[PDB]
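For reference, the chains in residue letters:
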Amino acid sequence: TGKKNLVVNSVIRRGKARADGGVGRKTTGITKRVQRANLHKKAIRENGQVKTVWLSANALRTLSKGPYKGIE
Amino acid sequence: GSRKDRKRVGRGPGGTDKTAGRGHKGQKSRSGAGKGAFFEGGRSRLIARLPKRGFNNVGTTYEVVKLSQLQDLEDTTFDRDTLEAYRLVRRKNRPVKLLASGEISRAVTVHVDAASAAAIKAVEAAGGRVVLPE
Amino acid sequence: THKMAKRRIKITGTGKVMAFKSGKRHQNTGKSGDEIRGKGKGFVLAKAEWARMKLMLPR
Amino acid sequence: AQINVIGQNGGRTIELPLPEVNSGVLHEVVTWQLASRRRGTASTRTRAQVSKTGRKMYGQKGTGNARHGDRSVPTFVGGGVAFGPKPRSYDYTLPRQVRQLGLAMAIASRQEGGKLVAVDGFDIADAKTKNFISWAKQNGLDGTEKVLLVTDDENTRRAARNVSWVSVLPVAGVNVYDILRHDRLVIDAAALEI
RNA sequence: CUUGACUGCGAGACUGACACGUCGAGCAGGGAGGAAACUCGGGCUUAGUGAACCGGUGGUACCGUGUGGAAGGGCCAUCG
RNA sequence: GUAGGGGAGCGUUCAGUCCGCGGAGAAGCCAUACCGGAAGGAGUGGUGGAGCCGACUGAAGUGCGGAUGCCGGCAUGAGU
RNA sequence: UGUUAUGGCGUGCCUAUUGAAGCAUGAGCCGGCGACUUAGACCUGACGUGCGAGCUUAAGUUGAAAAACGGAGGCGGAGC
RNA sequence: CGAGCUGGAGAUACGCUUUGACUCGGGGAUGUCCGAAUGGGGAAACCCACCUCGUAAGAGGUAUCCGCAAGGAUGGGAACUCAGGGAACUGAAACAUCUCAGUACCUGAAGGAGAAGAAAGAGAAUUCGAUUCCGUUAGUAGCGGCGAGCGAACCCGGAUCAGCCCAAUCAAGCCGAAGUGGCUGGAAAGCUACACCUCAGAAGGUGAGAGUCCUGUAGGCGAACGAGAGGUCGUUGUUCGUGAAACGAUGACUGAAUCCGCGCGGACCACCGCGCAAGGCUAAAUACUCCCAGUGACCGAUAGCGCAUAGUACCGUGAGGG
Ligand SMILES: [Mg+2]
Ligand SMILES: [Mg+2]
Ligand SMILES: [Mg+2]
Ligand SMILES: [Mg+2]
Ligand SMILES: [Mg+2]
Ligand SMILES: [Mg+2]
Ligand SMILES: [Mg+2]
Ligand SMILES: [Mg+2]
Ligand SMILES: [Mg+2]
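The numbering shown runs from 1 along each chain in the order of its written sequence and may not match that of the entry; residues for which no coordinates exist are omitted. Chains carry letters from A onward and ligands carry numbers from 1 onward, assigned in written order. A larger assembly contains the chains shown, yet all values here describe just the shown part. Note that the side-chain values use all heavy atoms of the structure and ignore hydrogens as well as water.

As stated in the entry header, the method of structure determination is X-ray crystallography and the reported resolution is 3.6500 Å.

In structure tokens form, the structure reads like this:
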């Protein structure tokens, strides 16, 4: 779980044989077709009192260049 | 009196009961009994293997108004788009178009969305006019 | 079923069925000249009876 | 050409349906009506699914002398039923012209015998049910027949309460069955009449 | 001597359950040989073959999503 | 005359209408030498102790010998 | 009508099959349970009714011992 | 309510009741132990403590989670609703994309309903104006090993219709009209001879078949208390399977304007036209049936729920079955 908004919660990932082409190949056709997940980065800073938690890279870039409801 | 009330003489037949019959064990003998898979279409029997593409569009479709209707009977009621509702040309959903079918002399003036060449010719030959919007 | 639409099962005024001629469509040609314009108009109705069952509503 | 109870004459209006009194149409209509009123409610656990049983049983081979999957099948006792009644409807739309033609033809089917129209339902004097018996008796109705009274005037119909003499169908709620089923039709109020 | 190994079409038949297949007078646009009648829309004939689908190439301009375009599609050839 | 198509019908339950029957006895059950082209239906007798034929129309959970089919009861093996 | 003696004739039923009295399947016996339905504004035919160059409504609204209202829409009406 | 009562109970004993019992409604009053269980432990209904109050008997407090405080939550609920997660047989007459289907299953949150909602929209008329729901458009437009198959939306007809804040009558109940004689019979409500009520003939009970014999019915009344942004990458949604793929949506990395400004109109550009995102709330039309009522061309004892009451007997270590 992150700082601001959302984390994890991911979707599937594919792969294609006869991949690429001359843009106007015969066709693309499919193989992979399986479900998958996503994670992100950890960091530690305090707000309102000394704390640690975890920090989204987006939230880290947010907190670094300014205090949006929090400090480092 | 409902007691005396009779049937339609041939509306209803009885249904088909396959219990009994004594020498009814229905359908086939073997082979393709019991299934819900029958399905009279399908893949490679002369449907595929058939060489068509074409191009699908199906655009604007006009309501056909026969001259043969307009001339001959009624009044020459001076149609416009108004009367068409009650004149038994009422369908809508589409614009209205006039074409020549029956050939007869009358004075008539019709307002439709479009019309054919020989229809124009036949409306003018017996005298009249056909209006179109810009 | 949605295949037979743009492809020709096409129905006529007499409730007959238009397929025509397949003789060679695109691949495999380079033989004669009237086979090529031999792309036709023609059909039998023996297999029309169950044909348009696929085209039934949007004939 | 029918005569009212109190006051003027009329019924020279309303040509009665042709051909005269066709019983087929009548049949179609009433049947349609009882099918309309028919209320589908069906208790069947038809499906092997609907009654309750745990589903794996004993064994497919080697037990000897049976071969069953479940205790809930139609060929068992206590299981589901093969093709049992479910809550259907059977209410449809009868073509309107045949409804009209129907009750018209009904009224007409009363032309080969007794029917009655009326004005002045004031002869009841409240209800009292007795003054209805009087009205009937002096109008020729001894209630040895079955009578369908059609009228407005709540007081006038409220006078007639019994399954013996009569039955009441108000404010032109006329029903082809309801008339053809009763012996005499008393049309009373000339509103939907003429 | 030459490009009928043509384009536009097909009266009427052979053959197949179907889809394929076969033969063909004659009409046109235009041709080639002969002086001429005329003959030729591949080879004395019967084998030398692949339905559909998805794409590659040339041509035509029909569709083309508010409209004028363009993308993509469609049609006539053809390629795997 | 087998699968298969066609026609007429018999019976059972519910339903509306009509005619009705029943403690001087209903349905059901039991016996029967009658009727009907068949599915079937009457007559009288014997049980029974509350209800029920017939006609007309309508609707079906509507007709069993088999499915090593389901439940139940009772046989065989055997006084072994 | 019941039973019987003798004569003549006489290869259970079902399924499955080229072919069954079969030494091929099934089944101890009787009772009861027990299998070609139902649904959709689907499609296509036969018959029947109502209107008919026109024919219908759907949701819903209002009455509801009752049915009326509801033209949004659907099908004819022109083919290529 | 006004003579009975002392539960199913068949049963003896003791009694209670017009100083209105019983029964029916309506609030309070007590409520052992367990269980979210919550002083502490625990193989649920048990074993051990502490701090106050004090005359013991006996009452009271002692879980964690939000908070100044008041206060709120932890649990439970048949189906219904939203969400996090997400099958396979099966179909394609084999099988990978597809189909099954976001179905089943698990999980989270909540109410009597939920969800959804107040245009950076639908859409091609310079039309429409929150949402949901039904009919319809329409098996159309479309998606697809262009196979099996999948399948919209706008218009239009209805149900119901609100936009507001903000950031610089129905329940106890009571009242109720009108028949006698003879007859068959064990017994009558049936037959019969005469008669009556009916804003009451709906119904059940009564020795058999019932308007007028009982309860009722039509009609009438009725209470203290009680209710009613953009991009790239990986991807995905909707008819959208990478297709020319727009747009919404995000996991990662990037992260512009702001009023001659900004997103959209299915690659893309101009024109033209609709529209103001990055903040919240928001009845009604809708779904379901644990429960109650009324009905039925629904069953009537192998039917109907499994049960004419039983999750009992019974089977299993158990989930479970029955
Ligand atoms: Mg067989
Ligand atoms: Mg065979
Ligand atoms: Mg020639
Ligand atoms: Mg393919
Ligand atoms: Mg048999
Ligand atoms: Mg022995
Ligand atoms: Mg021995
Ligand atoms: Mg598989
Ligand atoms: Mg398969």
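Engineer: What is the right way to look at the interface of chain C and chain B in this model?
Structural biologist: Interface size is commonly expressed as the accessible area that is lost once the parts come together. Across the contact, 16 residues belong to chain C and 13 residues belong to chain B. Salt bridge criterion: a side-chain nitrogen from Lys or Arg within 4 Å of a carboxyl oxygen from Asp or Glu. Where chain C meets chain B, there are 0 salt bridges. Of the residues assigned to the side of chain C that touches chain B, the class counts are 5 nonpolar, 2 polar and 9 charged. The contact rule is simple, with two residues in contact once any of their heavy atoms fall within 4.5 Å. Only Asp, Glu, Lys and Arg are considered charged in this grouping, and only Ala, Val, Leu, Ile, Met, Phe, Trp, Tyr, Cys and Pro are considered nonpolar; every other residue, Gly among them, is considered polar.

Engineer: Quick question: what am I supposed to make of the protein's contact with RNA strand E here?
Structural biologist: All names here are of chain C. Here, proximity means that at least one heavy atom of the residue falls within 4 Å of the molecule or strand. Taken together, 30 residues surround RNA strand E, and among them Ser22, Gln27, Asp34, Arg37 and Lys47 come closest. In RNA strand E, the atoms that sit within 4 Å of the protein are 79% sugar and phosphate, with bases accounting for the remainder. Here a polar contact means two N or O atoms within 3.5 Å. Within protein one must be a hydrogen donor candidate and the other an acceptor candidate, and residues neighboring in sequence count only if both atoms are side-chain atoms. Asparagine 28 is positioned such that a nitrogen or oxygen atom in its side chain is 3.0 Å from a phosphate oxygen of RNA strand E. In the environment of RNA strand E, a phosphate oxygen lies 2.9 Å from a nitrogen or oxygen atom belonging to the side chain of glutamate 35.

Engineer: Explain the sheet that holds strand β1 (residues 63-66) of chain B to me, please; I cannot follow it from the model alone.
Structural biologist: Two orientations exist for strands paired in a sheet by backbone hydrogen bonds: parallel and antiparallel. The 3 strands lie next to each other as β1-β2-β4 (chain B), forming an open sheet whose pairing is parallel. Pairing within the sheet leaves two strands with one partner each, and these edge strands are β1 and β4 (114-115) of chain B. At least two DSSP bridges between two strands are required for those strands to pair. The helix and strand labels rest on DSSP assignments: H or I over at least four residues marks a helix, E over at least two residues marks a strand, and numbering proceeds from the N terminus.

Engineer: What is the right way to look at the nonpolar core in this model?
Structural biologist: The nonpolar side chains of soluble globular proteins are, as a tendency, buried together. Residue and element names in this part refer to chain D. Counting 18 residues, the largest nonpolar core has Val25, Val29, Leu148, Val150, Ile179 and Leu185 as the members making the most contacts within it. Breaking this core down by element, the ones donating at least two residues are α1 (23-37), α2 (96-109), α5 (176-181) and β6 (184-188). Not counting chain neighbours up to four residues away, the residues in contact with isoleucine 179 comprise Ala106, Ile107, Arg110, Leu148, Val174 and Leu185. Buried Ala, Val, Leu, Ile, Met, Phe, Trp, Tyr and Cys residues that are joined via side-chain atoms within 4.5 Å together make up what is termed a nonpolar core. Classification of residues uses two cut-offs on accessible area relative to the type maximum, computed with a 1.4 Å probe and protein chains only: under 20% is buried, over 50% is exposed, and between them is partly exposed.

Engineer: Whenever I open this one, the interface of chain D and chain B confuses me. Can you help?
Structural biologist: On the chain B side, the residues contacting the 8 residues of chain D number 6 residues. Buried area: the sum, over both parts, of the accessible surface (1.4 Å probe) that disappears when the two are put together. In terms of surface lost to chain B, no three residues of chain D exceed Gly24, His27 and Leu180 of chain D, which account for 60% of the buried area on that side. Inspection of the chain D/chain B interface yields 1 salt bridge. Residue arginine 8 of chain B pairs with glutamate 28 of chain D through a salt bridge whose shortest N-O separation is 3.3 Å. Our count for the contact surface shared by chain D and chain B stands at 3 residue pairs in polar contact. Looking at the side of chain D that touches chain B, its residues break down into 4 nonpolar, 3 polar and 1 charged.

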